[PDB]
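K.L.:
What follows is upload-v7.txt, made up of compact mmCIF, C-alpha atoms:
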# COMPACT_ATOMS: atom_id res chain seq x y z
CA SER A 1 366.21 9.76 9.36
CA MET A 2 367.68 13.12 8.35
CA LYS A 3 364.92 12.92 5.78
CA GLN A 4 362.57 12.01 8.64
CA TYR A 5 363.66 15.06 10.66
CA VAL A 6 362.98 17.31 7.67
CA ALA A 7 359.50 15.81 7.22
CA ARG A 8 358.91 16.51 10.89
CA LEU A 9 359.99 20.14 10.36
CA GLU A 10 357.55 20.46 7.47
CA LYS A 11 354.73 19.30 9.77
CA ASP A 12 355.72 21.44 12.78
CA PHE A 13 356.44 24.67 10.87
CA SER A 14 353.43 24.49 8.54
CA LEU A 15 351.56 25.81 11.57
CA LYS A 16 361.72 33.32 15.40
CA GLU A 17 360.48 29.74 15.72
CA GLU A 18 362.40 28.72 12.58
CA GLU A 19 365.37 30.81 13.66
CA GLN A 20 365.39 29.32 17.18
CA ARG A 21 365.25 25.74 15.98
CA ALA A 22 368.05 26.45 13.50
CA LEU A 23 370.24 28.03 16.19
CA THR A 24 369.55 25.10 18.53
CA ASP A 25 370.31 22.53 15.83
CA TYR A 26 373.45 24.40 14.79
CA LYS A 27 374.66 24.56 18.40
CA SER A 28 373.83 20.91 19.03
CA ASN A 29 375.58 19.18 16.15
CA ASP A 30 378.90 19.21 14.30
CA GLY A 31 379.14 21.52 11.26
CA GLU A 32 379.76 18.72 8.75
CA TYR A 33 376.45 17.12 9.71
CA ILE A 34 374.45 20.37 9.87
CA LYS A 35 375.59 21.40 6.37
CA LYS A 36 374.04 18.22 4.97
CA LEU A 37 370.89 18.89 6.97
CA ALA A 38 370.76 22.49 5.69
CA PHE A 39 370.86 21.50 2.01
CA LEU A 40 368.28 18.77 2.53
CA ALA A 41 365.96 21.15 4.35
CA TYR A 42 366.53 23.80 1.69
CA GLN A 43 364.96 21.48 -0.87
CA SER A 44 361.68 21.40 1.05
CA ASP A 45 358.64 22.85 -0.71
CA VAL A 46 357.56 24.25 2.68
CA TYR A 47 358.84 27.81 2.81
CA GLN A 48 359.17 27.78 6.63
CA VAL A 49 361.59 24.86 6.38
CA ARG A 50 363.66 26.72 3.76
CA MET A 51 363.74 29.70 6.15
CA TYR A 52 365.10 27.36 8.80
CA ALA A 53 367.66 26.08 6.28
CA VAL A 54 368.74 29.60 5.31
CA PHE A 55 369.32 30.55 8.96
CA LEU A 56 371.54 27.44 9.13
CA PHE A 57 373.43 28.64 6.04
CA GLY A 58 374.06 31.92 7.87
CA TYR A 59 375.59 30.11 10.85
CA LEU A 60 377.66 27.95 8.47
CA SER A 61 378.65 30.81 6.16
CA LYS A 62 382.35 30.64 6.96
CA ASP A 63 382.27 27.78 4.53
CA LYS A 64 382.63 29.65 1.24
CA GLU A 65 380.73 26.97 -0.59
CA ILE A 66 377.79 27.71 1.73
CA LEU A 67 378.26 31.46 1.21
CA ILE A 68 378.35 31.00 -2.57
CA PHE A 69 375.20 28.86 -2.42
CA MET A 70 373.53 31.73 -0.54
CA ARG A 71 374.81 34.25 -3.09
CA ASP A 72 373.77 32.37 -6.22
CA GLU A 73 371.08 29.81 -5.37
CA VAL A 74 369.15 31.01 -2.29
CA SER A 75 368.86 34.34 -4.08
CA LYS A 76 366.69 32.53 -6.65
CA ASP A 77 364.12 31.63 -3.99
CA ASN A 78 360.54 32.29 -5.12
CA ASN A 79 359.32 33.03 -1.63
CA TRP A 80 359.64 36.58 -0.30
CA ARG A 81 359.95 35.46 3.32
CA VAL A 82 362.88 33.22 2.43
CA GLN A 83 364.46 36.28 0.79
CA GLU A 84 364.17 38.17 4.10
CA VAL A 85 366.07 35.34 5.80
CA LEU A 86 368.75 35.51 3.08
CA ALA A 87 369.40 39.12 4.12
CA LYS A 88 369.60 38.09 7.77
CA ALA A 89 371.95 35.22 6.95
CA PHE A 90 374.17 37.55 4.95
CA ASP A 91 374.28 39.90 7.94
CA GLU A 92 375.12 36.85 10.06
CA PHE A 93 378.09 36.10 7.77
CA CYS A 94 379.42 39.65 8.02
CA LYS A 95 379.11 39.58 11.82
CA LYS A 96 380.92 36.23 12.00
CA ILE A 97 383.92 37.44 10.04
CA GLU A 98 383.75 41.09 11.11
CA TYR A 99 382.31 43.88 9.08
CA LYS A 100 385.59 45.45 8.01
CA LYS A 101 386.92 42.09 6.84
CA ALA A 102 383.65 41.33 5.02
CA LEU A 103 383.99 44.41 2.83
CA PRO A 104 385.17 42.48 -0.25
CA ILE A 105 382.15 40.18 0.01
CA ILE A 106 379.77 43.06 0.67
CA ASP A 107 381.09 44.74 -2.49
CA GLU A 108 380.78 41.55 -4.52
CA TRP A 109 377.17 40.96 -3.43
CA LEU A 110 376.25 44.59 -4.11
CA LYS A 111 377.55 44.26 -7.69
CA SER A 112 376.11 40.80 -8.36
CA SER A 113 373.83 40.38 -11.37
CA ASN A 114 371.07 38.74 -9.32
CA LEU A 115 368.85 41.54 -8.07
CA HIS A 116 368.04 39.41 -5.00
CA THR A 117 371.72 39.12 -4.14
CA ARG A 118 372.00 42.91 -4.28
CA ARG A 119 368.90 43.46 -2.11
CA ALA A 120 370.01 40.92 0.52
CA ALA A 121 373.24 42.83 1.09
CA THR A 122 371.57 46.25 1.08
CA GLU A 123 368.67 45.21 3.32
CA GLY A 124 370.55 42.76 5.55
CA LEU A 125 372.99 45.33 6.94
CA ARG A 126 370.25 47.82 7.86
CA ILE A 127 370.78 49.81 9.88
CA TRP A 128 374.23 49.99 8.30
CA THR A 129 375.65 52.65 10.58
CA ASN A 130 374.68 50.54 13.59
CA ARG A 131 377.18 47.90 12.48
CA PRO A 132 380.80 47.78 13.67
CA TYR A 133 383.09 49.65 11.27
CA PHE A 134 380.25 51.42 9.45
CA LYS A 135 379.41 53.08 12.78
CA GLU A 136 382.89 54.65 12.71
CA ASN A 137 382.98 55.06 8.92
CA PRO A 138 379.52 56.30 7.78
CA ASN A 139 380.65 57.32 4.28
CA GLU A 140 381.75 53.73 3.65
CA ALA A 141 378.07 52.83 4.01
CA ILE A 142 376.60 55.84 2.23
CA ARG A 143 378.90 55.43 -0.79
CA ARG A 144 378.26 51.70 -1.19
CA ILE A 145 374.48 52.09 -0.82
CA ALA A 146 374.24 55.19 -3.05
CA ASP A 147 376.03 53.32 -5.84
CA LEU A 148 372.80 51.38 -6.39
CA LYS A 149 370.64 54.51 -6.61
CA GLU A 150 369.89 53.79 -10.27
CA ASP A 151 369.27 50.06 -9.84
CA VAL A 152 366.96 48.46 -12.41
CA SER A 153 365.12 46.57 -9.66
CA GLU A 154 362.52 48.51 -7.65
CA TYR A 155 362.86 45.80 -5.00
CA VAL A 156 366.52 46.80 -4.74
CA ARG A 157 365.75 50.50 -4.98
CA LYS A 158 363.37 50.46 -2.01
CA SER A 159 366.11 48.85 0.07
CA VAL A 160 368.66 51.45 -1.11
CA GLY A 161 366.31 54.33 -0.31
CA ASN A 162 365.52 53.00 3.15
CA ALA A 163 369.13 52.16 3.97
CA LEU A 164 370.09 55.78 3.22
CA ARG A 165 367.03 56.95 5.15
CA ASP A 166 368.17 54.92 8.21
CA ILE A 167 371.55 56.64 8.04
CA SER A 168 370.11 60.15 7.52
CA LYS A 169 368.55 59.95 10.99
CA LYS A 170 372.00 59.79 12.65
CA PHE A 171 374.27 61.35 10.00
CA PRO A 172 371.97 64.01 8.44
CA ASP A 173 374.85 66.12 7.07
CA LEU A 174 376.73 63.23 5.43
CA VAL A 175 373.54 62.10 3.72
CA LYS A 176 372.69 65.65 2.58
CA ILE A 177 376.18 66.02 1.11
CA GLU A 178 375.84 62.77 -0.85
CA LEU A 179 372.33 63.62 -2.06
CA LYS A 180 373.40 67.12 -3.14
CA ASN A 181 375.40 65.52 -5.95
CA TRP A 182 372.44 63.63 -7.42
CA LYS A 183 370.88 64.57 -10.74
CA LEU A 184 367.23 63.52 -10.55
CA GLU A 185 366.98 62.59 -14.23
CA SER A 186 365.16 59.25 -14.03
CA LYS A 187 362.22 57.58 -12.30
CA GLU A 188 364.72 55.24 -10.63
CA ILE A 189 366.96 57.73 -8.86
CA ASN A 190 363.92 59.86 -7.97
CA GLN A 191 362.29 56.96 -6.15
CA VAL A 192 365.53 56.43 -4.24
CA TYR A 193 365.86 60.17 -3.63
CA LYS A 194 362.37 60.57 -2.16
CA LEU A 195 362.96 57.71 0.29
CA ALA A 196 366.42 58.90 1.29
CA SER A 197 365.74 62.61 1.78
CA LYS A 198 362.68 62.65 4.07
CA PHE A 199 364.67 63.91 7.04
CA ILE A 200 367.27 66.08 5.36
CA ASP A 201 367.09 69.82 4.74
So, in terms of structure tokens, how does the structure I just supplied come out?
P.N.:
Amino acid sequence: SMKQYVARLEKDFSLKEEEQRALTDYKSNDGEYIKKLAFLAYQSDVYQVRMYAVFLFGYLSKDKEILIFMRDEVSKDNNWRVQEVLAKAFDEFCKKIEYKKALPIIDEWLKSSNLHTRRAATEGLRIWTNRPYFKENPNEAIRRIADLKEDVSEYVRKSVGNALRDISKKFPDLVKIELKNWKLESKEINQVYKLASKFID
């Protein structure tokens, strides 16, 4: 009947709706049960159901096994929309444990070998300097983001560029200072540079 509920989700969703159902289900059942539901739903071939499952993972992410599964397995997801939810779920984890305390995990995700793991961290925290801790410590965001300025993945690079661009709008000087040190010697860093410097002198 857990299998039945999933089949029902596949029918309903195949037509925020996924997020709202996930939140409701998470709030309505014990965590042990919902974890089993989340993995079952994550095996669905219906991408909306996997989105639902990944929201659930976010709510359950204090379980390190869930967090690891997000890091290593959800990051393999073939569907771009599911990848967006991965970034939201990762943001959800950081919010649940507090941004300052999540720093070690933010760093680990940013340095992961899976390009999708790296993007989910970069994109999920946007706008970085609107988050607790990074709001007070802008360079902590700039420095982490900028470290991926020469990322092999364009997917990652777009995120990096935009994350720096977000920050430039509120901390123009800090961003200019960081950018001043860049040597535009590759197509990679130049892509990032163009995105990040729109609003800086």
K.L.:
Show me, as AutoDock Vina command-line options, the centre and edge lengths in Å to one decimal of the axis-aligned box that covers every listed atom of region 104-123 of chain A with 5 Å on each side.
P.N.:
--center_x 376.6 --center_y 42.5 --center_z -4.0 --size_x 27.1 --size_y 17.5 --size_z 24.7
K.L.:
Please check which residues have atoms at most 12 Å from (374.5, 65.2, -1.9) in the file's coordinates, counting all atoms listed in the file, and write them as an MDAnalysis selection string.
P.N.:
chainID A and resid 139 142:143 146 164 168 172:184 193 196:197 200:201
K.L.:
Which one of A:170, A:194, A:118, A:35 sits closest to residue 64 (chain A) if you count all atoms listed in the file?
P.N.:
A:35
K.L.:
Considering all atoms listed in the file, state which residue in the set A:169, A:198, A:50, A:158 is at the smallest distance from residue 81 (chain A).
P.N.:
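Once distances to residue 81 (chain A) are computed over all atoms listed in the file, the minimum belongs to A:50.
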K.L.:
Name the residues in contact with region 4-11 of chain A at a cut-off of 8 Å, using all atoms listed in the file, excluding same-chain residues fewer than 6 positions from it; report them as a list in words.
P.N.:
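Selected residues are residues 40, 41, 44, 46, 48 and 49 of chain A.
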K.L.:
Rank nothing, just name the residue among A:76, A:149, A:187, A:100 nearest to residue 120 (chain A), using all atoms listed in the file.
P.N.:
A:76
K.L.:
Using Å and a single decimal, report how far CA of residue 74 (chain A) sits from CA of residue 42 (chain A).
P.N.:
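So the answer is 8.6 Å.
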K.L.:
Please, could N, CA and C atoms be added to region 158-193 of chain A and the result written as a compact mmCIF listing (two decimals), keeping the file's coordinate frame?
P.N.:
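Written file, part_9.txt:
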# COMPACT_ATOMS: atom_id res chain seq x y z
N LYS A 158 364.03 50.21 -3.28
CA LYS A 158 363.37 50.46 -2.01
C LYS A 158 364.33 50.24 -0.84
N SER A 159 365.11 49.17 -0.94
CA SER A 159 366.11 48.85 0.07
C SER A 159 367.17 49.95 0.17
N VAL A 160 367.69 50.36 -0.99
CA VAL A 160 368.66 51.45 -1.11
C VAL A 160 368.13 52.73 -0.46
N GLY A 161 366.94 53.15 -0.87
CA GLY A 161 366.31 54.33 -0.31
C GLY A 161 366.18 54.28 1.20
N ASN A 162 365.72 53.15 1.72
CA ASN A 162 365.52 53.00 3.15
C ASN A 162 366.83 52.91 3.93
N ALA A 163 367.84 52.29 3.32
CA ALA A 163 369.13 52.16 3.97
C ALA A 163 369.76 53.54 4.16
N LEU A 164 369.63 54.39 3.14
CA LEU A 164 370.09 55.78 3.22
C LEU A 164 369.25 56.60 4.20
N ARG A 165 367.95 56.33 4.22
CA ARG A 165 367.03 56.95 5.15
C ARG A 165 367.40 56.61 6.60
N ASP A 166 367.71 55.34 6.87
CA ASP A 166 368.17 54.92 8.21
C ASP A 166 369.33 55.82 8.62
N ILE A 167 370.31 55.93 7.73
CA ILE A 167 371.55 56.64 8.04
C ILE A 167 371.33 58.15 8.24
N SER A 168 370.44 58.74 7.45
CA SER A 168 370.11 60.15 7.52
C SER A 168 369.67 60.58 8.92
N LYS A 169 369.06 59.66 9.65
CA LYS A 169 368.55 59.95 10.99
C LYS A 169 369.67 60.17 12.01
N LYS A 170 370.86 59.61 11.75
CA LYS A 170 372.00 59.79 12.65
C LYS A 170 373.15 60.59 12.02
N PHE A 171 373.26 60.56 10.70
CA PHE A 171 374.27 61.35 10.00
C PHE A 171 373.62 62.22 8.92
N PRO A 172 372.74 63.15 9.35
CA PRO A 172 371.97 64.01 8.44
C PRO A 172 372.86 64.73 7.43
N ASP A 173 373.94 65.34 7.91
CA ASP A 173 374.85 66.12 7.07
C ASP A 173 375.52 65.27 5.99
N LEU A 174 376.07 64.13 6.39
CA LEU A 174 376.73 63.23 5.43
C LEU A 174 375.78 62.84 4.32
N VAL A 175 374.54 62.51 4.70
CA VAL A 175 373.54 62.10 3.72
C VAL A 175 373.14 63.27 2.81
N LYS A 176 373.02 64.46 3.38
CA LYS A 176 372.69 65.65 2.58
C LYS A 176 373.78 65.91 1.55
N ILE A 177 375.03 65.84 1.99
CA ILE A 177 376.18 66.02 1.11
C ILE A 177 376.16 65.06 -0.08
N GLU A 178 375.89 63.78 0.20
CA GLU A 178 375.84 62.77 -0.85
C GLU A 178 374.68 63.05 -1.81
N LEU A 179 373.52 63.36 -1.25
CA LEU A 179 372.33 63.62 -2.06
C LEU A 179 372.47 64.89 -2.91
N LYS A 180 373.23 65.86 -2.42
CA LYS A 180 373.40 67.12 -3.14
C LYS A 180 373.99 66.90 -4.52
N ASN A 181 374.73 65.81 -4.68
CA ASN A 181 375.40 65.52 -5.95
C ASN A 181 374.54 64.74 -6.95
N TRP A 182 373.30 64.45 -6.58
CA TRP A 182 372.44 63.63 -7.42
C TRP A 182 371.67 64.45 -8.45
N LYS A 183 371.69 63.98 -9.69
CA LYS A 183 370.88 64.57 -10.74
C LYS A 183 369.63 63.71 -10.93
N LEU A 184 368.48 64.27 -10.56
CA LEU A 184 367.23 63.52 -10.55
C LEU A 184 366.64 63.41 -11.96
N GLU A 185 367.30 62.62 -12.80
CA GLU A 185 366.98 62.59 -14.23
C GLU A 185 366.30 61.30 -14.68
N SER A 186 365.90 60.47 -13.72
CA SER A 186 365.16 59.25 -14.03
C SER A 186 364.22 58.85 -12.90
N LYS A 187 363.20 58.08 -13.25
CA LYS A 187 362.22 57.58 -12.30
C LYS A 187 362.89 56.75 -11.22
N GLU A 188 364.00 56.10 -11.57
CA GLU A 188 364.72 55.24 -10.63
C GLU A 188 365.34 56.05 -9.49
N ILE A 189 366.22 56.97 -9.86
CA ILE A 189 366.96 57.73 -8.86
C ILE A 189 366.01 58.63 -8.05
N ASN A 190 364.93 59.07 -8.68
CA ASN A 190 363.92 59.86 -7.97
C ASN A 190 363.20 59.10 -6.87
N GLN A 191 362.88 57.84 -7.15
CA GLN A 191 362.29 56.96 -6.15
C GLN A 191 363.26 56.85 -4.98
N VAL A 192 364.51 56.52 -5.28
CA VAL A 192 365.53 56.43 -4.24
C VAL A 192 365.68 57.75 -3.49
N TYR A 193 365.65 58.86 -4.22
CA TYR A 193 365.86 60.17 -3.63
C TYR A 193 364.76 60.54 -2.63
